[PDB]
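For the record, the sequence lines run as chains F, E, D, C, B and A.
Going letter by letter, the first sequence gives residues 16 to 59, 95 to 177, 231 to 405 in PDB author numbering.
Going letter by letter, the second sequence gives residues 16 to 59, 95 to 176, 231 to 405 in PDB author numbering.
Going letter by letter, the third sequence gives residues 15 to 59, 95 to 177, 234 to 405 in PDB author numbering.
Going letter by letter, the fourth sequence gives residues 16 to 59, 95 to 176, 231 to 405 in PDB author numbering.
Going letter by letter, the fifth sequence gives residues 16 to 59, 95 to 175, 231 to 405 in PDB author numbering.
Going letter by letter, the sixth sequence gives residues 16 to 59, 95 to 176, 234 to 405 in PDB author numbering.
One structure is given below, encoded as structure tokens.
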Amino acid sequence: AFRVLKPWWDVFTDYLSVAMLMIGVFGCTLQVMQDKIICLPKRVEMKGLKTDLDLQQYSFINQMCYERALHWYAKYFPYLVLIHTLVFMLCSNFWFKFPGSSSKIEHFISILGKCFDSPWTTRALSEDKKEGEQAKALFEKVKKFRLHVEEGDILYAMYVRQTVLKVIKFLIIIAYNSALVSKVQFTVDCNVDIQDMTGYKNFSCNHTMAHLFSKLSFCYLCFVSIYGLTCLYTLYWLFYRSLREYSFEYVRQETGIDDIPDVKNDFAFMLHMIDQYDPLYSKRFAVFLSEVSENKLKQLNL
Amino acid sequence: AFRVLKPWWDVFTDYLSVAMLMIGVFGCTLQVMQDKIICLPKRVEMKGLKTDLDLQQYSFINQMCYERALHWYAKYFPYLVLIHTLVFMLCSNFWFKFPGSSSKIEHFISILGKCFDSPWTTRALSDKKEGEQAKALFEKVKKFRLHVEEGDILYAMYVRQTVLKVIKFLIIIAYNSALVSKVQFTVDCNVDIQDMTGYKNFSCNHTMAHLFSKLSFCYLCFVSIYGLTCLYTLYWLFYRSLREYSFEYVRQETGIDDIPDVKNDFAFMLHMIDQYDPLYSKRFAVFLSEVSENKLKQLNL
Amino acid sequence: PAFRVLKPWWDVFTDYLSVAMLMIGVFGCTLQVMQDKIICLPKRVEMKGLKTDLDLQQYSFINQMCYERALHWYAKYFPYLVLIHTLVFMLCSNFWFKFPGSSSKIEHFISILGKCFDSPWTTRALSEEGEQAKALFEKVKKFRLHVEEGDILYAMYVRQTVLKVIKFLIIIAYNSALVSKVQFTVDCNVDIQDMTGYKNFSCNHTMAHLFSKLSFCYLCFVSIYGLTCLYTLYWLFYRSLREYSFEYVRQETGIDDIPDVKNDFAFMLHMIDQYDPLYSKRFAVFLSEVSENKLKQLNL
Amino acid sequence: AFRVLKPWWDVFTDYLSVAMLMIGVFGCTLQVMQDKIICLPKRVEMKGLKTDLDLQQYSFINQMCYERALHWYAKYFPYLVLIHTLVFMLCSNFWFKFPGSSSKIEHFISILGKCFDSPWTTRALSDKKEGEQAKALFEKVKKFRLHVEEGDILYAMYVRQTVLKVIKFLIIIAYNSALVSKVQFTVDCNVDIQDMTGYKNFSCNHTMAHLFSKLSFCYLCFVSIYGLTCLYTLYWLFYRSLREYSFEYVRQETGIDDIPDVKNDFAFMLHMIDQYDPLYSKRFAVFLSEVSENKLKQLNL
Amino acid sequence: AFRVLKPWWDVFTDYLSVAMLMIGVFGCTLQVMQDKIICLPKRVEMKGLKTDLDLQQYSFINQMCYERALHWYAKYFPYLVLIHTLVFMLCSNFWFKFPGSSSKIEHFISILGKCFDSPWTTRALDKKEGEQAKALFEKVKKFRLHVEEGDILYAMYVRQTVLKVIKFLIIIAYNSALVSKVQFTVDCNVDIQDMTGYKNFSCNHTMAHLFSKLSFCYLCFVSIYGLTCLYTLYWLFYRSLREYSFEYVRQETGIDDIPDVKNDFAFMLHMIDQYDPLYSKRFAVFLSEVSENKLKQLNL
Amino acid sequence: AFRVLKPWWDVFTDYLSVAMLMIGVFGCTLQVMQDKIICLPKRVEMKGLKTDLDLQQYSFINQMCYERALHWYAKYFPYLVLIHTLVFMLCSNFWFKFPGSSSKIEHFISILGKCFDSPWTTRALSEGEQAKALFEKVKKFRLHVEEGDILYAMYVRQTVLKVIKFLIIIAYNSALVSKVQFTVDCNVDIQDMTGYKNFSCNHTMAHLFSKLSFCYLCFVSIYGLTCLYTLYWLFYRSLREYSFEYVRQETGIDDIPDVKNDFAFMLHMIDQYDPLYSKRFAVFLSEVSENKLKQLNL
């Protein structure tokens, strides 16, 4: 699968998002099962007060003040969480499933798998007709892959745009979610004009799930902040190391085959992406990139 | 399997349809557990007001004003969404199963898959079993090129389905935008029940009126994106005569300057595949020249 | 299962329609007994309310007395009728698999075609083993004496579609006739005064504006169903299903002596070539004395 | 595969029984969900009557009049439906699963199945292993004829079973038709609870009275059809000698003119097997002539 | 393959046991669903009586008179029927899983299954088949030596049947004794005067007319079960099952050197011959020394 | 699951545990379905008595007296039943899944299953490579087990824990069975907020819990009796030393040695299921049989 093409920052978030999502789901459930606002008329030994209100006047007051007193944030806290998590997940898996930049990844993975474990690699890095035929076919495949992928830049622009979009969505969320968080309170006042229906004008209301939504909001800000720090680090990683230019220096130094060229653009990007998992697949691919090795295979074929 | 024949617009529209179904199901789920209407009579220190009504008269009033005061759009918003999503699903994946129509596509897919990995293409672009495989490839290519060139059964149907989807777009957006303002919270109910209840005018509240409005806005936006994608698909479909294909670049980049020009359904399929990866075309075009057949026969000896 | 190739497109279409009809019927029945089925109030023929002075059980007495005295019989038993009609359709669609007289012949035919479809001699004849081919030929010979003796496997297939068409016509008739009798507000005039004190009541049927909509849907479905059946009723009449003629195979193979079969074998070939038009081609070679002449020559 | 020995009636009655069972189960299911009875006292502008009764005295009245005024049929109809259906199913099944009467059936089925695929059967109608298998099957059939052609234990039980089922039909139809008129909607209840409630006469409504009646009618219909088929069986076992079979058609057609006429259990079972496909009879008949055995012996020597 | 060692009576008994179980679960479920007792105070135009009792004093009275007036049989009838059914089931199967009486059964059944597919039996009534027959003969001798002195596979059968019969007698006894105490309306005289104000109440038990019918049905079913078990108990004792004579097989096969088995093996043969009286002949063929001498002669 | 390595003791105790769990679940289900307390005030022609209490003062009274008047046994009986049956099951099952005492069990079962059907047993009591392999695996397993302990002490240690737990359960169930009453009195000091100080309460599941407690006591008693008999059976001879004596006279072989420790322990256990596996194993325990097999192989 696409496990080799995923640094830590691209799997770490792959869990954070999930966590975020479940919070949202929990909220939604608890917003439906649990009760809601409860409102009582205000009058601005001990004996109780008689309001002389029915069982439907109370429901009318409750469901009028629910939407005439509560701030829009308190009413819909978790739906925004679900929307944001869904958009984040859509961002994380954009260039994997987009045609025009998906076949290249599949071909690269297939060729890397083929060349990772080859007898010719063992023979070449140490210092039959079938093996020689397979080796020659794989060299031709590598050459055609190089000429077919070493011209475009689609697998880098998409990734840059993706990270930029995730970072900006971070900034917006931490902006507004932090702005509107003191408006989730417990006891509110409701001043609606229902005087000819119930006989009372001012009410005091208690929102049930206020404290819990406040706690969940703080947890969500924390998780988002971690997400944003990870994304910022990735964005720094992209824009510092000149990711569109590879350099086979260490392979040349500790291999002895001093003719490996420096590939650029998309292939260099993919090499930089695959050496963050296990820095040896670059060696195996570099084996199949020297005219010297091709000449030695031709000579041994005879 | 079939992912190769599904361009980006198709998957984009499928995701939009999935989201549409999700919001429809969300609305349907909420309507059962929360939605209701509460109606009170109108009479046009602080003390309460006595109406002197039972628990049966209140239910009478509620369920009468529900169906005599609410606009039909507010009552059944999400069922329309579900029906439209169902129609959109039916329109998609419809040009696969109207006739059998599976042999014509699976045969082409298998042909292309076996042609892509044929070493003969690589050798031209640079044992007995290889010769037998090449002979079978040529024979089945000939059979399929003879079968396909019969008419238009997998091209016009695509046009019909896209046109139907666009028409459904226009209608849905039109009447969802027209009536989106009939979802209100507080309404006035004027029913003539005075000889059994005593009150004539009532004021009612619909529980879910600030949420159906937002779900409607989200649904309308998703609809608009869907329609824009469909319009682009139609523009691309009708801008280029996809029933005729020319191997202009293949002959120049390969040197075999005798490859013919195929048309109708086969050309349509070739253009369909050209979007995913413009490499299968050359691999198939390798097995389309009689000179290649002559070379294969000569080398098999 | 095994009896899958013996289903033209309209058969699976009608199966899907029938299952959808059953879903609608069960949905309606479930929604029926899920809520309060009626709300009835007495009638008395600044603003202040009216005190009926009725207990909590007198209201239930009134509700369920007027429910079965003011509602039209259609508004109550709609889902039950939907279920009954769907079950009848499903039973009718399969009254040619379970009858032993037709089941035996169908199993024999399917076994013969299964044996013939994977016989190398068919490929040999079409391109232009041994004892098994001869034995299969005698099996085919016996087969086209066992079945070709009358009209049993075909008479019931044309007898059932007529019944289905009649049922669809009757359903349309009495379901469009009585769709406007499902009202929302009704008047109930029962004589319960020594128990309650009120004689005239006004009632609301809660799910009256729902059964209406479902009804429409139901009609539409049967309408489509009807059309399909009509096509099949037309498909069995323009061409004589009891006469078959091997013509294209003769020209595409050259074995120009295959005869024209009649009766149930002809009908079965007609009904099975619409699934995959090659079973007739594969079977055709097992019908000519030339094929057996070549078999005997090859054996010697 | 105990389906070859099942004429059309023995498979029609099974579906009838399933339908009867589902009707009974549906009725028994709604027997509990819906509230049973509603009783109010009788006093033998417009204002209501103040009964001045609690919610406990109402329950007392309802649950006393329920069992002091309703007829036993109106209360126990579904249970009787289920009991009768279970008895019918048990009677239909008391033919395969009785020791001393099940081994013969399986032996016959296995022998007939093996004989249906012997190539000597088709050979006689125009290899060492095949020859010895044919000889062994000849001996097995000869032994079997000496096994189940002495006692009619497998034929008397079928007649007993069908007679009992007909009797049950008669009883069920009789009493259901007699009592179906006692399921009423509105009833009167005259119980002596005056020192506890203050009222002596009550009027009650039985909610599930217009429904059971309908189901009851349906039940009869199904049962009626059931009985008819059983009656047909008690004309098919008695219009000829069911214990004397005649292999006349096989001799007059195939040519083998020495096949014997079996009798008793074997004749009855052949008459039954000849109600599915008249080809098993001749496949078994061909393995009953000494001429065929002599021909096989000559071919073996 | 235990069905062969399962006479007809031990199928009918299993069916009766499952019927008893379904009746019991039926009763328990409908006991859960209902509302149980309803109690009202007694005062030992028409106007209703005001008892001036709260909504919790009714619950107090109802549940006090429940376990102060109802008989112990009317409350725990379903539990008793379930317990009896479980004991019956665990009693009928206590000779398959008890160690020391299970290995013998599996050995015997496996051997009898092996000694059915043998052409030597057909010959009575080639090197590999001869060796297989000799091995089977050696096995016959060895286990016939094995299960010949430990005669515990038939005492357990008699003991379980006796236990079942005794349990039948007890159940019938106290079910007939206490079936007239399931009454509908009862009088409850509890001393609660300073908490409710009333001293005497009259109560109705909801499930007083369904339990009577279920009790009668249970009595009928258990009576049939007991009659079957009584017949089986008579069967085991009118003749010694510990001795078997192979008279008919000897007279029919002319191998008249067959000895008479005894004790446990005689019991197993007596049990098996009542399913299909043919395995005895196969074992008779495969237990004689004449047959093995003939086999040895043929082998050479 | 190792049926042969289970005697009547194990099967009977497993069935008893199943029944125990059944009644425990039944009681817990009824408690969670229909079980509560109903309390009324006390005043220490017939007419009704007015308490003048709301619909929430009753809830308050019921909740307060459900915690100050009901004994902790009356409320938590099914939970204790479930916990104790669970621990019994775990203790009885904690003998095969120990990391280090499992392979010796299934390997022994496989060896004996192979030895049961070996033709050499038939030949002796009346394929050479297979017989040699079986002899080899047998002798290596003997060497491995004769020095490997922690397969006999664990059995005793688990069957002693069951006995002690039985004793404790009897102890605290017999004493607190008379505290499950139906009618109880509740004297809580809530007068300024309810108006009454003394209440009489009914617990709705007193009699049923009494019956279930009696059934539980009987079932434990039987379980403990069986466990005591098992302990007696283990502790009256050297279960770790088996004597191959009758084999010599009833087989003819005179060179059958007596195995030591855990292997003798399993031999003693498996002898009761069927006293014939010892025969098949003793056939292969002779050092002359291997010599005869080697001679016959040539």
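From the three backbone atoms N, C-alpha and C, an ideal C-beta is built for every residue, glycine too.
Mapping the DSSP letters down to three states, classify residue 306(A) as helix, strand or coil. strand
Would you kindly report the start and end of the unbroken alpha helix (DSSP H) that includes residue 358(C)? 352-358
Only counting the same chain, and skipping five residues up and downstream in sequence, which positions put a Cβ closer than 7 Å to that of residue 101(C)? 56
Residue 290(E) burial status per 10 Å Cβ neighbour count (16 or more: buried): exposed
Given residue 369(E) as reference, the closest of 257(E), 361(E), 45(E) once Cα atoms are compared: 257(E)
Per-residue contacts from residue 303(F) into chain E (C-beta, under 8 Å): 96, 98
Report yes if the CB atom of residue 21(E) is closer than 8 Å to the CB atom of residue 138(E), and no otherwise. no
Taking only three categories from DSSP, how would you classify residue 54(F)? strand
Please decide whether residue 243(B) counts as near chain A, where near means a Cβ-Cβ distance under 8 Å. yes
Can you tell me the Cα-Cα spacing of residue 323(C) and residue 40(C), whole angstroms? 12 Å
Please list the partners that residue 369(F) has in chain E, where partner means a Cβ-to-Cβ separation under 9 Å. Per Cβ cutoff of 9 Å: no residues; residue 369(F) is ~15 Å from chain E at best.
Which residues bound the beta strand (DSSP E) around residue 404(E)? Looking at the DSSP string, residue 404(E) is not in any beta strand (DSSP E); the run it does join, the alpha helix (DSSP H), is 394-404.
Between residue 128(E) and chain F, is the shortest Cβ-Cβ distance under 8 Å, so that the two count as touching? no
Closer than 9 Å, Cβ to Cβ, to anything on chain E: give me those residues from the stretch 274-297 of chain F, in chain order. 297
Can we count residue 151(C) as close to the ligand GDP, meaning its CB is less than 7 Å from some heavy atom? Absence of the ligand GDP is noted for the structure shown, with no ligands found whatsoever.
Name the two residues that bound the continuous alpha helix (DSSP H) containing residue 299(E). No alpha helix (DSSP H) contains residue 299(E), which DSSP labels as neither H nor E.
Where do the N-terminal and C-terminal ends of the beta strand (DSSP E) with residue 292(C) fall, by residue? 290-294
Where does the unbroken alpha helix (DSSP H) through residue 107(F) begin, and where does it stop? 105-119
Using a Cβ-Cβ distance under 8 Å, would residue 114(D) count as near chain C? yes
Going straight from the alpha carbon of residue 167(D) to that of residue 160(D), what length do you get? 11 Å
For residue 367(A), does the three-state DSSP call read helix, strand or coil? strand
Own chain, CB closer than 8 Å to residue 311(C), minus 5 neighbours either side, in chain order: 49, 50, 51, 52, 53
Of all the residues that make up the stretch 301-328 of chain A, which are near chain B by a beta-carbon distance shorter than 7 Å? 307, 309, 311, 314
Please report how far the alpha carbon of residue 158(D) lies from the alpha carbon of residue 313(D), in whole angstroms. 53 Å
Mapping the DSSP letters down to three states, classify residue 156(D) as helix, strand or coil. helix
Pull up the CB-CB distance for residue 331(B) and residue 275(B), whole angstroms please, since I reckon it's below 8 Å. The pair is not a contact, with the Cβ atoms about 11 Å apart (cut-off 8 Å).
Exposure label - residue 238(B); buried when at least 16 CB within 10 Å: buried
Terminal residues of the alpha helix (DSSP H) in which residue 122(A) lies: 122-125
Going straight from the alpha carbon of residue 309(B) to that of residue 118(C), what length do you get? 12 Å
Alpha carbon to alpha carbon, what distance is there between residue 43(C) and residue 318(C)? 14 Å
With DSSP collapsed to three states, give me the class of residue 254(E). coil
Proximal residues of chain E, C-beta to C-beta of residue 117(F) below 8 Å: 289, 314
Residues in the same chain with beta-carbon distance under 8 Å from residue 296(C), minus the five sequence neighbours each way, listed in chain order, please. 304
Under 8 Å between the Cβ atoms of residue 146(A) and residue 152(A)? yes
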